[PDB]
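Written out below as structure tokens is the structure these notes cover.
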Protein chains: 4
Amino acid sequence: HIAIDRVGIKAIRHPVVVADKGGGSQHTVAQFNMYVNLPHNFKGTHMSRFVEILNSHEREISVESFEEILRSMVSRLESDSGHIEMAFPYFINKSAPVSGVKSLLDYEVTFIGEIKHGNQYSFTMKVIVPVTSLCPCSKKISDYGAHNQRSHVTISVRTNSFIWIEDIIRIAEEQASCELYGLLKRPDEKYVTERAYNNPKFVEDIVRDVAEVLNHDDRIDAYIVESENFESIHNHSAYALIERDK
Amino acid sequence: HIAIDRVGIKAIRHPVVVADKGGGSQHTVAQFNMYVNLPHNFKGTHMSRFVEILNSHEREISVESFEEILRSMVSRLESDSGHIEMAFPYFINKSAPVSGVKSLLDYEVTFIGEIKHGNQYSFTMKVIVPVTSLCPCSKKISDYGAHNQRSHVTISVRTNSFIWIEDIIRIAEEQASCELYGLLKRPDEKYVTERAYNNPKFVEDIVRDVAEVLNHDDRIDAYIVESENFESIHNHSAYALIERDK
Amino acid sequence: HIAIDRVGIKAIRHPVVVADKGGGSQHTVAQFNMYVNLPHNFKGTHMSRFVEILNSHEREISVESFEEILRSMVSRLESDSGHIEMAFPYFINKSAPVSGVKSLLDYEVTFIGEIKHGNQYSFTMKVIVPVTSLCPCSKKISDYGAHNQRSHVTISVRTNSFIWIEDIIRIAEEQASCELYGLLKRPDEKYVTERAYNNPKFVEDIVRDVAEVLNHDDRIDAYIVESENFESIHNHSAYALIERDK
Amino acid sequence: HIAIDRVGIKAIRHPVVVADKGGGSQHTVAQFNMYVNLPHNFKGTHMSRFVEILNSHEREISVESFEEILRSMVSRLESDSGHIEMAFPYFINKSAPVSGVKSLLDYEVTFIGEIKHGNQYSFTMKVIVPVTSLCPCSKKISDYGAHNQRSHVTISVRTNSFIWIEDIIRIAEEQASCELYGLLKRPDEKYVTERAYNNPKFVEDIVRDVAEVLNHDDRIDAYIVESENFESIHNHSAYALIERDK
């Protein structure tokens with residue numbers, strides 16, 4: 001009598017493989033969310049078809065698979081629009097800015113697949129990159145020392161060509177007050193604390209500076225940029241957000 | 001140079017007051033999310049104005065306050081569209097279906113305020129009501145015993161008149177395989193287990209039956225209905241969803 | 001054949017009432033955890049007796065009730081040692097240090113009841129108080145600006161007399177680099193940023209300074225003190241901990 | 001003046017490698033918790049030594065490494081007792097009980113290292129295995145259909161020889177009402193629903209039956225067994241627990 005707008009499954013772990021920019025690949029584990037819009041004659045028993053599709057490929061699911069996975073999905077469930085989601089930790093081995101001392105840093109990356117009007121596919125990637133931010137307010141009023149916090153710059157990007165996930169990470173890291181390292185030597189901490197003090201940005205200043213970089217990248221069709229402070233002196237969170245379609 | 005689409009704060013507790021249908025009111029605590037779209041000449045220092053507005057009213061914030069709060073918000077931050085959110089636990093003292101033995105049940109209720117084009121206000125309420133659901137699949141194939149699970153029927157409703165939060169709860173509870181009670185006597189458990197067995201519904205069947213009730217309520221302009229199983233025999237979650245505007 | 005060491009229920013919301021130091025009381029909502037050690041002839045059906053006991057008192061449970069609740073618990077379940085737990089948000093209306101501008105601050109308080117060897121009761125309270133902390137490392141090496149973060153000073157205290165929860169909060173807040181306020185005016189932020197810069201403490205320095213205050217309070221029989229940084233420049237958490245019995 | 005009882009870091013992701021029983025190894029990602037008891041002359045700057053130790057080994061940390069890691073830890077921080085923790089998802093490709101249809105199932109495994117009195121090492125592993133449980137209460141009173149739920153059997157084991165993590169998983173899975181599969185065909189669901197109905201166990205019955213198996217394994221020095229229901233008809237959680245040292 002009434003059409004179901006969407007059916008799907010969520011909260012389902014499964015091993016995945018992701019390629020490094022520095023030639024190679026990471027073997028990690030992703031949380032999944034799959035669904036299909038306006039399924040026809042959907043019998044409630046067919047819910048386990050999602051799990052089928054997810055297991056029918058490899059032991060470790062590649063991003064390459066997103067093509068057939070979505071194709072199988074929409075056909076096996078008689079809809080013409082589908083959606084997949086793959087959220088996983090991703091590691092970069094960063095070099096301390098002065099010492100060169102390497103240490104791993106983790107980012108929450110999520111790849112999002114989409115298929116509409118029968119066969120029209122579209123890829124989107126999202127990164128939650130952790131940065132340190134000093135706000136220029138404290139810098140101005142207080143004579144010595146300015147308060148800083150941990151921040152999360154989230155960038156989601158509707159892509160039209162290939163982009164390394166590392167590139168989008170860098171855009172955020174470059175644009176922040178300062179980037180996080182994980183292991184800091186004595187000379188390193190001297191650097192980053194002064195580097196951040198000499199480069200203070202408000203929550204809106206970061207999102208603005210990122211948006212501006214993303215406006216000009218021709219591989220990006222649409223984007224959402226959000227940064228949020230986990231306030232060092234307030235116990236709440238402030239956020240700013242920009243979103244544009246091209 | 002580039003317009004900020006939105007700025008706001010989130011993750012901020014504050015005591016609240018909510019009226020019972022059975023004359024009275026609950027004194028509880030809500031998590032908040034406030035923001036404003038397209039603020040003009042927004043100085044990063046003005047972020048603490050949200051906290052001001054939140055504290056400038058009562059010790060316990062009432063739903064009544066949503067009017068001035070949003071009005072203050074959009075003016076104090078020079079935007080013409082704002083948004084508030086108030087998520088809290090809500091309690092009903094339910095009577096065991098056979099025994100009449102009373103016990104409390106908690107629901108995650110969230111009130112959402114909106115103000116657009118200068119002064120046009122709009123209210124939305126959302127409830128995550130816990131139900132038990134037996135799926136008619138097991139009922140059919142297995143000779144004895146059918147597997148059931150805990151489910152979450154989420155109903156969000158763009159309202160155009162007053163609705164008791166209890167009413168929307170009931171719509172969900174009536175439409176489920178069976179409702180949750182919290183305290184069951186021997187005769188009660190005999191009832192509810194058989195009641196659910198004789199009333200099995202798939203995840204799509206529940207959302208369909210709820211949507212149908214909501215289509216005809218003239219106090220409801222738009223709605224989202226979602227139910228999801230925390231699968232007893234699968235370790236993942238299946239969900240179905242319906243959404244309509246009138 | 002084999003004795004069950006403990007049975008209990010957890011994850012159960014219920015409205016509660018807590019008295020303010022500044023005469024009055026807060027009406028909020030607590031998460032519960034109840035259990036009993038070495039129950040005799042425990043039939044699995046008796047699990048719903050916990051819910052009974054929890055509902056058999058008031059609509060809003062008081063700390064006073066902990067006496068009979070535990071007494072009922074151990075008797076109704078034939079054990080001689082029981083345990084209750086009551087975790088809730090708690091609010092203090094703080095005055096900005098220079099302006100006097102009042103704003104609410106929330107703390108995660110948890111009251112813990114214990115009854116052993118038949119009838120020997122014992123009370124314990126725990127507070128997770130949010131503070132800002134500057135570590136004297138950055139202060140030393142970098143010429144200008146020192147990095148700070150949000151910290152959680154957790155104090156749990158086996159009490160032998162009455163203590164206001166506010167007092168234990170203060171002990172933590174006084175001993176921190178600086179305390180959190182929620183709403184800061186221009187003169188206020190000037191103060192707190194300099195106040196913290198002139199009072200830097202490592203994670204171990206805070207726990208040490210708190211422990212020392214608690215050693216001499218004769219109302220405290222045993223304590224656990226823990227502080228942890230949500231590292232502004234590292235993406236992990238460091239913690240220090242002290243624990244003593246008297 | 002006052003001795004710090006422990007210092008450490010927590011909440012830190014890092015890639016790991018774990019061997020399969022069916023010859024091989026899983027490449028996944030673990031959350032870490034490291035600490036050292038009673039460190040001498042601990043300077044607050046030395047906190048980043050934990051991160052050093054964690055990065056100084058491989059890109060993917062093996063369980064083998066736990067020896068030197070703990071040895072480095074206690075020496076580099078001048079204490080004689082240390083502790084490491086490694087929590088990660090672990091996958092088994094299970095065969096549907098009737099069909100043989102393979103699908104992955106994830107378990108939350110955590111390896112725990114300990115080093116005391118200078119050099120005395122000790123290994124502990126913990127598994128949170130998801131099972132379905134029917135309680136014999138509903139089976140008895142209601143004429144048709146008995147209510148079941150998802151359950152978590154947690155087994156932590158102080159080991160004195162090598163044990164496959166898969167073995168401990170099986171102990172739990174065998175002892176449950178029925179085990180979870182992830183993908184069920186029509187004949188499979190017919191089986192498992194009847195299999196669980198003909199094998200009902202209370203929360204205490206499961207922990208008792210597991211404890212009994214673990215009492216007789218000579219590779220196990222001490223254990224904690226806990227199962228908890230996510231109540232299908234109650235909205236809270238019941239749990240039972242057993243713990244013994246040998």
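Naming works like this for the structure tokens: A, B, ... for the chains as they're shown, residue 1 at the start of each chain, ligands 1 onward in shown order.
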Neighbour list for region 53-61 of chain C as a ChimeraX atom specification, cut-off 8 Å, only C-alpha atoms, skip fewer than 2 positions in-chain: /B:103-104 /C:14-17,27,49-51,63,65,69,72-73
Within 12 Å of region 208-225 of chain A, counting only C-alpha atoms, which residues show up once you throw out same-chain ones fewer than 5 positions away? Write them as a count of residues only, please. 50
Mind listing the helix (DSSP H, G or I) residues of region 38-159 of chain B, per DSSP on the backbone, as a ChimeraX atom specification? /B:44-56,63-76,136-141
Could you jot down the CA of residue 100 (chain A) to CA of residue 136 (chain C) separation for me, Å, one decimal place? 24.0 Å
Might you pull out every residue within 6 Å of residue 86 (chain D), with only C-alpha atoms counted and same-chain residues fewer than 5 positions away left off, and present them as a list in words? residues 30, 31, 32, 110 and 111 of chain D
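For chain D, the residues no farther than 7 Å from chain B when using only C-alpha atoms are residues 132, 141, 142, 144, 145, 146, 147, 148, 149, 150, 180, 181, 182, 190, 193, 194, 197, 232, 233, 234 and 235 of chain D.
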Just N, CA, C and O atoms for this one: save the residues we selected as a PDB file, in the first residue's frame.
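Wrote again27.pdb, looks like this:
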```
ATOM      1  N   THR D 132      23.131 -15.567  21.045  1.00  0.00           N
ATOM      2  CA  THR D 132      21.696 -15.436  21.254  1.00  0.00           C
ATOM      3  C   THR D 132      21.307 -16.321  22.428  1.00  0.00           C
ATOM      4  O   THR D 132      21.808 -17.442  22.563  1.00  0.00           O
ATOM      5  N   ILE D 141       6.206 -20.715  30.891  1.00  0.00           N
ATOM      6  CA  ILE D 141       4.882 -20.105  31.115  1.00  0.00           C
ATOM      7  C   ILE D 141       4.038 -19.896  29.859  1.00  0.00           C
ATOM      8  O   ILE D 141       2.870 -20.286  29.830  1.00  0.00           O
ATOM      9  N   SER D 142       4.613 -19.275  28.831  1.00  0.00           N
ATOM     10  CA  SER D 142       3.886 -19.048  27.583  1.00  0.00           C
ATOM     11  C   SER D 142       3.791 -20.331  26.756  1.00  0.00           C
ATOM     12  O   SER D 142       4.762 -21.087  26.643  1.00  0.00           O
ATOM     13  N   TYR D 144       3.221 -20.814  23.444  1.00  0.00           N
ATOM     14  CA  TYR D 144       3.875 -20.782  22.131  1.00  0.00           C
ATOM     15  C   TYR D 144       4.798 -19.572  22.022  1.00  0.00           C
ATOM     16  O   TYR D 144       4.429 -18.456  22.406  1.00  0.00           O
ATOM     17  N   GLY D 145       6.004 -19.804  21.508  1.00  0.00           N
ATOM     18  CA  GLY D 145       7.011 -18.757  21.391  1.00  0.00           C
ATOM     19  C   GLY D 145       7.609 -18.377  22.733  1.00  0.00           C
ATOM     20  O   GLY D 145       6.888 -18.183  23.713  1.00  0.00           O
ATOM     21  N   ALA D 146       8.934 -18.288  22.775  1.00  0.00           N
ATOM     22  CA  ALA D 146       9.651 -17.829  23.960  1.00  0.00           C
ATOM     23  C   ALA D 146      10.586 -16.694  23.558  1.00  0.00           C
ATOM     24  O   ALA D 146      11.229 -16.759  22.507  1.00  0.00           O
ATOM     25  N   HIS D 147      10.656 -15.650  24.384  1.00  0.00           N
ATOM     26  CA  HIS D 147      11.447 -14.472  24.034  1.00  0.00           C
ATOM     27  C   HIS D 147      12.949 -14.718  24.218  1.00  0.00           C
ATOM     28  O   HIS D 147      13.382 -15.292  25.222  1.00  0.00           O
ATOM     29  N   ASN D 148      13.721 -14.310  23.214  1.00  0.00           N
ATOM     30  CA  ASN D 148      15.180 -14.399  23.243  1.00  0.00           C
ATOM     31  C   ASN D 148      15.822 -13.030  23.015  1.00  0.00           C
ATOM     32  O   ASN D 148      15.140 -12.081  22.626  1.00  0.00           O
ATOM     33  N   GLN D 149      17.125 -12.929  23.265  1.00  0.00           N
ATOM     34  CA  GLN D 149      17.853 -11.670  23.077  1.00  0.00           C
ATOM     35  C   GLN D 149      19.293 -11.886  22.619  1.00  0.00           C
ATOM     36  O   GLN D 149      19.775 -13.021  22.573  1.00  0.00           O
ATOM     37  N   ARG D 150      19.967 -10.793  22.265  1.00  0.00           N
ATOM     38  CA  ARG D 150      21.401 -10.831  22.023  1.00  0.00           C
ATOM     39  C   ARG D 150      22.088 -10.775  23.380  1.00  0.00           C
ATOM     40  O   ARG D 150      21.659 -10.041  24.273  1.00  0.00           O
ATOM     41  N   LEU D 180      25.723 -17.093  17.121  1.00  0.00           N
ATOM     42  CA  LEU D 180      25.401 -16.182  16.024  1.00  0.00           C
ATOM     43  C   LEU D 180      26.171 -16.554  14.770  1.00  0.00           C
ATOM     44  O   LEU D 180      27.298 -17.047  14.857  1.00  0.00           O
ATOM     45  N   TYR D 181      25.565 -16.310  13.607  1.00  0.00           N
ATOM     46  CA  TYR D 181      26.174 -16.696  12.332  1.00  0.00           C
ATOM     47  C   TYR D 181      26.411 -15.563  11.337  1.00  0.00           C
ATOM     48  O   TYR D 181      27.422 -15.564  10.627  1.00  0.00           O
ATOM     49  N   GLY D 182      25.488 -14.607  11.274  1.00  0.00           N
ATOM     50  CA  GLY D 182      25.655 -13.464  10.374  1.00  0.00           C
ATOM     51  C   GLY D 182      24.935 -13.630   9.050  1.00  0.00           C
ATOM     52  O   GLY D 182      24.304 -12.689   8.561  1.00  0.00           O
ATOM     53  N   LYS D 190      15.666 -22.147  10.413  1.00  0.00           N
ATOM     54  CA  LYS D 190      14.810 -23.200  10.955  1.00  0.00           C
ATOM     55  C   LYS D 190      15.557 -23.947  12.061  1.00  0.00           C
ATOM     56  O   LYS D 190      14.997 -24.221  13.124  1.00  0.00           O
ATOM     57  N   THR D 193      16.726 -21.468  15.441  1.00  0.00           N
ATOM     58  CA  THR D 193      15.576 -21.037  16.238  1.00  0.00           C
ATOM     59  C   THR D 193      15.054 -22.191  17.095  1.00  0.00           C
ATOM     60  O   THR D 193      14.672 -21.995  18.255  1.00  0.00           O
ATOM     61  N   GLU D 194      15.050 -23.391  16.520  1.00  0.00           N
ATOM     62  CA  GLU D 194      14.637 -24.591  17.240  1.00  0.00           C
ATOM     63  C   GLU D 194      15.738 -25.077  18.179  1.00  0.00           C
ATOM     64  O   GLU D 194      15.458 -25.520  19.296  1.00  0.00           O
ATOM     65  N   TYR D 197      15.553 -22.877  21.181  1.00  0.00           N
ATOM     66  CA  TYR D 197      14.330 -23.189  21.919  1.00  0.00           C
ATOM     67  C   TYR D 197      14.485 -24.475  22.740  1.00  0.00           C
ATOM     68  O   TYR D 197      13.963 -24.579  23.854  1.00  0.00           O
ATOM     69  N   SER D 232      15.100  -8.130  25.636  1.00  0.00           N
ATOM     70  CA  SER D 232      14.140  -7.925  24.546  1.00  0.00           C
ATOM     71  C   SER D 232      12.827  -7.293  24.999  1.00  0.00           C
ATOM     72  O   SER D 232      12.160  -6.625  24.208  1.00  0.00           O
ATOM     73  N   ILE D 233      12.463  -7.502  26.263  1.00  0.00           N
ATOM     74  CA  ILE D 233      11.188  -6.995  26.787  1.00  0.00           C
ATOM     75  C   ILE D 233      11.306  -6.107  28.034  1.00  0.00           C
ATOM     76  O   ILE D 233      10.361  -6.024  28.830  1.00  0.00           O
ATOM     77  N   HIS D 234      12.446  -5.427  28.197  1.00  0.00           N
ATOM     78  CA  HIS D 234      12.689  -4.662  29.429  1.00  0.00           C
ATOM     79  C   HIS D 234      13.433  -3.323  29.328  1.00  0.00           C
ATOM     80  O   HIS D 234      13.264  -2.461  30.205  1.00  0.00           O
ATOM     81  N   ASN D 235      14.253  -3.150  28.289  1.00  0.00           N
ATOM     82  CA  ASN D 235      15.006  -1.898  28.074  1.00  0.00           C
ATOM     83  C   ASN D 235      16.177  -1.661  29.048  1.00  0.00           C
ATOM     84  O   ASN D 235      16.797  -0.593  29.043  1.00  0.00           O
TER      85      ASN D 235
END
```
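We find CA of residue 101 (chain C) and CA of residue 52 (chain B) to be spaced 9.6 Å apart.
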Quick check, in Å to one decimal: how far apart do CA of residue 37 (chain A) and CA of residue 227 (chain B) lie? 15.5 Å
